[PDB]
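A lone chain, given as structure tokens: the form deposited in one PDB entry.
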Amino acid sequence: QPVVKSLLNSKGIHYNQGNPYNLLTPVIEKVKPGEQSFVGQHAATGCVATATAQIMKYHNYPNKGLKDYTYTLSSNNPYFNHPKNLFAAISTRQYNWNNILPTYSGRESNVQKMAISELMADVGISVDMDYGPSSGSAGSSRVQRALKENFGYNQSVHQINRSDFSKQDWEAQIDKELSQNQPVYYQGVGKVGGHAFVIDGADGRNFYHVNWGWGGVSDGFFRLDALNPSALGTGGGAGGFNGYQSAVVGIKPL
């Protein structure tokens, strides 16, 4: 395994799902019965959107969006009144990558905060985000389509599933991406839920550098069969994103 220093850390890229990344996501409308109110707050951007946006910032691409996207929220979502349609006019977007900064401490201009919030909202819409206090998506299969069809990434973009490869061939694909300066979108599921994140480096000893999309919390080196950040889990036990794994590779501009 070659040694590759964290590609996103090298560029200062550290996004999250809350403010100021979520300033353009839908505003929660209803209290879910039995829960405390989140009414009037923006929904989380969704880990799938945060992982994808960090990769797009690594490339500063595209300058122009390619195709609009529309979808309808599941009628089972208790945070919104139904029906609820969401639309992102991506075909009209001119993203200014000088204003979509690599990270945000709070002192940035409103223009800079709105620039990253517009990217996060467009990416989230393009992956059919189920918005809420937490926000979920199907992930990889939607990410690969959105990157190519809505954002104009190369036809090299595609989903790979862990179950279709040996461990060696799986890791060799991850390593080839990293050798080409191409951070990898990655997800999995397990006993602390499902999550999406970015693989962006390697230490030569079969651990990979992971950016979890929580602003830096838990980022570090992990084996791909023990993607187990200590920031999750209540009660003291173990858990990680080790099942039903998939990735989106070949992520580079047209």
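What we label the rigid core is the largest C-alpha set whose atoms superpose within 1.5 Å from one form to the other. Residues that one form lacks are left out of the comparison. Throughout, we count residues from 1 along the sequence that is shown.
The mean C-alpha temperature factor is higher for 173 to 181 when 126 to 134 and 173 to 181 are set side by side. Taking the mean C-alpha B-factor of each stretch as recorded, 46 to 54 and 213 to 221 are not equal, and the higher mean is that of 213 to 221. For the set 92, 110, 103, 141, the PDB entry assigns the largest Cα B-factor to 92. Sort the chain's modelled residues by C-alpha temperature factor and residue 163 lands in the highest third, per the entry. Per-chain ranking of the deposited C-alpha B factor places residue 88 in the highest third. Residue 37: CA B factor in the middle third of modelled residues in this chain (values from the PDB entry).
Compared with the other modelled residues of the chain, the Cα B-factor recorded for residue 75 ranks in the highest third.
In the PDB entry, residue 241 places in the middle third of its chain by CA B-factor.
The form deposited in another entry exists for this protein as well; it is not shown, and the discussion that follows is about that form.
Residue displacement note: residue 230 has its CA displaced by under 2 Å between the shown form and the other one (rigid core superposed). A movement of the C-alpha atom of residue 239 reaching 2 angstroms or beyond is seen between the shown form and the other one when the two forms are aligned on their rigid core. 232 to 239 stands as the sole run between the shown form and the other one where every Cα shifts by 2 Å or more, at least three residues long, with the core as reference frame.
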